[PDB]
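As a convention, Cβ positions derive from the backbone with ideal geometry for all residues, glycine included, and neighbour counts pool all protein chains shown. Computed from the coordinates by the stated procedures, all read-outs in this text should not be read as laboratory data.
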Amino acid sequence: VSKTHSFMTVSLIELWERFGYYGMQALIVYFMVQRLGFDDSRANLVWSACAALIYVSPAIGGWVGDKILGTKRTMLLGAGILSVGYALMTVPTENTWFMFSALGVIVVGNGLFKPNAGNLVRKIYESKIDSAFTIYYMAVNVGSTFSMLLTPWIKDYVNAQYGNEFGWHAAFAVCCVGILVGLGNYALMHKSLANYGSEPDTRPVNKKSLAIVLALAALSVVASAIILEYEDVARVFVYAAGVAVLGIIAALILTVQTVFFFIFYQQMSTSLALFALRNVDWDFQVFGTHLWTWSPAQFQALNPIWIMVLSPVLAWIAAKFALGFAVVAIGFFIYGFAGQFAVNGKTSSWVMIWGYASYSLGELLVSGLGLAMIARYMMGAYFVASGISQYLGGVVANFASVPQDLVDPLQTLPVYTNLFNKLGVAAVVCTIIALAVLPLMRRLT
Ligand SMILES: CCCCCCCCCCCCO[C@@H]1O[C@H](CO)[C@@H](O[C@H]2O[C@H](CO)[C@@H](O)[C@H](O)[C@H]2O)[C@H](O)[C@H]1O
């Protein structure tokens, strides 16, 4: 049909997938802390292990779509399995194993979806694949803006019109029908747009291998649910993946810096979220009237929004890594200076907006210089180092962990802004690593 048509279908299904995903991420730690009974140290480690899995997952799943089932087949199977994940997330049971299983299903499902929608964009564009990929990574952001704004509101509204359950499960259902909407989209655009793409989808599905894939898939959901459940299993697994990834020259410092950057990134799912829930005035004032009043989770929506606001402006050299780190640093110093001004126990609001403005500028600046640069100069090692630093990002967000019996926001405020200030300095050390290693880029060329 067309290249922009195919790319359209795949970027749309991407958009709705990410809607579901971030709609769930914006609520998951609050669920574990507020609805389930978890302390924020566990909530962090569990969610961070889950992210590590989710991010090491597409390594296996990308290979399945190229070399075993179709890339379109595997993408679809991934989207279905994902849908079942949120489905489990909406049955109103506070049985941690039920929920961890729902999460495992999301891990398996995501490993099967993400890499293959990504390949489709690339097969659809045969350097205009960058033309494609930026628009792609934008579509992601409008989707995740929509859900990270909506699902916290559904949670609140339903939690009010009804009692505690669903509320959350209402929100996870919203995720599930987002996924379903995406699937119906593709289905109404299937051979139509996509048509040509995938290496082994040009023939019928191999029922022995679909059987073995689904079997091993089920086994992976149980593997996940257990790794999430026992922190020690996760720790040992991440540690093993650690000594293993490090076991196996230019892309080195690049991927290392990627680890650092990902610790800074994992902070918004976790410590920034809890800080936002506990020491931020959810009342947004446009100096000086009132519209409107945040729902703490909705602060995370500030990330894709700002990436959407500053993306057209930036449209108008791993030194961009350096600048990235610097801007992430003053982002964290704005969160650190969240005490020294705009404070009444729990107060700030604009602290979150400027904080996130800065932080996500640093993201846009480093949101490109990863896959493109390494793939223009392995994928597994990158995915393991990335998942690993997601977990590490969890144990770092743990440095601001507030005991459950400590609720005087006047006392929780320092513990957060100590972490945030220390990250700000940690980010400047990375800025020095970035610029120092810069002539090592000139020796090779
Ligand atoms: C595709 C991208 C689309 C991006 C735009 C998405 C639109 C956002 C959809 C949901 C918006 C709701 O998000 C926001 O939630 C907060 C808190 O729960 C609500 O807060 C609301 O109820 C609370 C409680 O009664 C009131 O104090 C407040 O005055 C009122 O605004 C807001 O009404 C709503 O603006």
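From the list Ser198, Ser144, pick out the single residue that is within 16 Å of the ligand (Cβ to nearest atom), small (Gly, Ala, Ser) and buried (at least 16 other Cβ atoms within 10 Å of the Cβ).
Numbers: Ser198 fails: within 16 Å of the ligand (Cβ to nearest atom).
Selected residue: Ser144, the only one of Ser198, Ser144 that is within 16 Å of the ligand (Cβ to nearest atom), small (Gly, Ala, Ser) and buried (at least 16 other Cβ atoms within 10 Å of the Cβ).
Go through the stretch 108-134 and give me each residue that's part of a helix (DSSP H, G or I), over 29 Å from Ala170 (Cα atoms) and in contact with a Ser or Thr (Cβ under 6 Å, 6 or more places away or on another chain).
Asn116, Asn119
Residues are listed down the side, and each one gets a yes or a no for (1) within 16 Å of the ligand (Cβ to nearest atom); (2) out of contact with any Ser or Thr (no Cβ under 8 Å at 6 or more places or on another chain):
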site	(1), (2)
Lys67	no, yes
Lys72	no, no
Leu82	no, yes
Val91	no, yes
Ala102	no, yes
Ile106	no, yes
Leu149	yes, yes
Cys176	no, no
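Among the residues of the stretch 154-166, is there at least one that is away from the ligand (no atom under 16 Å from the Cβ) and touching an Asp or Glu at 6+ places or on another chain (Cβ under 8 Å)?
Yes, the stretch 154-166 has at least one match.
Name the residues in the stretch 147-195 that are farther than 30 Å from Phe299 by Cβ and crowded, with 20+ Cβ neighbours inside 10 Å, would you?
If we filter the stretch 147-195 for residues that are farther than 30 Å from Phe299 by Cβ, which is where we start, we get 184, 186-195.
The answer is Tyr186, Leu193, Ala194.
Pick out, from the stretch 353-445, the helices (runs of 4 or more DSSP H) lying fully within it that include 2 or more residues that are crowded, with 18+ Cβ neighbours inside 10 Å. Lay out the reasoning, then the answer.
Details: elements: 371-374, 379-397, 409-436, 439-444.
Once the helices (runs of 4 or more DSSP H) in the stretch 353-445 are filtered for at least 2 residues that are crowded, with 18+ Cβ neighbours inside 10 Å, what remains is 379-397, 409-436.
What's the number of the only condition in (1) buried (at least 17 other Cβ atoms within 10 Å of the Cβ); (2) assigned to a helix (DSSP H, G or I) that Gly339 fails to meet?
(2)
Of the conditions (1) over 30 Å from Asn195 (Cβ atoms); (2) under 18 Å from the mean Cα position of the chain (by Cα); (3) surrounded by fewer than 22 Cβ atoms within 10 Å (Cβ to Cβ), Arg42 satisfies every one except a single condition; which number is it?
Condition (2) is where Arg42 drops out.
For residues that are surrounded by fewer than 16 Cβ atoms within 10 Å (Cβ to Cβ) and hydroxyl-bearing (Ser, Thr, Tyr), scanning just the stretch 118-141, find the one that is farthest from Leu27 (Cα to Cα).
Checked the stretch 118-141; the qualifying residue farthest from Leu27 (Cα to Cα) is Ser127.
Look at the stretch 46-68 and say how many of its residues are crowded, with 24+ Cβ neighbours inside 10 Å and either outside any helix (DSSP H, G or I) or more than 15 Å from the chain's Cα centre (by Cα) (or both).
The total comes to 3.
Of the conditions (1) of a type in the set (A, V, I, L, M, F, W, C); (2) over 23 Å from the mean Cα position of the chain (by Cα); (3) farther than 22 Å from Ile54 by Cβ; (4) away from the ligand (no atom under 16 Å from the Cβ), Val286 fails just one. Which one is it?
Exception for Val286: condition (4).
If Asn303 satisfies every condition in (1) away from the ligand (no atom under 16 Å from the Cβ); (2) of a type outside the set (A, V, I, L, M); (3) in contact with a helix residue (DSSP H, G or I) (Cβ under 8 Å, 6 or more places away or on another chain) but one, which is the exception?
Answer for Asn303: the failing condition is (1).
Would you check if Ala240 is more than 16 Å from the ligand (Cβ to nearest atom), farther than 27 Å from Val429 by Cβ and crowded, with 18+ Cβ neighbours inside 10 Å?
Taking the combined requirement at face value, the residue does not satisfy it.
For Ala218, state whether it is under 20 Å from the mean Cα position of the chain (by Cα), part of a helix (DSSP H, G or I), hydrophobic (A, V, I, L, M, F, W, C) and under 30 Å from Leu77 (Cα atoms). Walk me through how you get there before you give the answer.
Numbers: under 20 Å from the mean Cα position of the chain (by Cα): no; part of a helix (DSSP H, G or I): yes; hydrophobic (A, V, I, L, M, F, W, C): yes; under 30 Å from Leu77 (Cα atoms): yes.
So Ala218 fails the test.
Taking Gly23 and the conditions (1) outside any helix (DSSP H, G or I); (2) buried (at least 22 other Cβ atoms within 10 Å of the Cβ); (3) of a type outside the set (A, V, I, L, M), which numbered condition does it fall short on, given that it satisfies the others?
Tallying (1) outside any helix (DSSP H, G or I); (2) buried (at least 22 other Cβ atoms within 10 Å of the Cβ); (3) of a type outside the set (A, V, I, L, M), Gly23 fails exactly one: (1).
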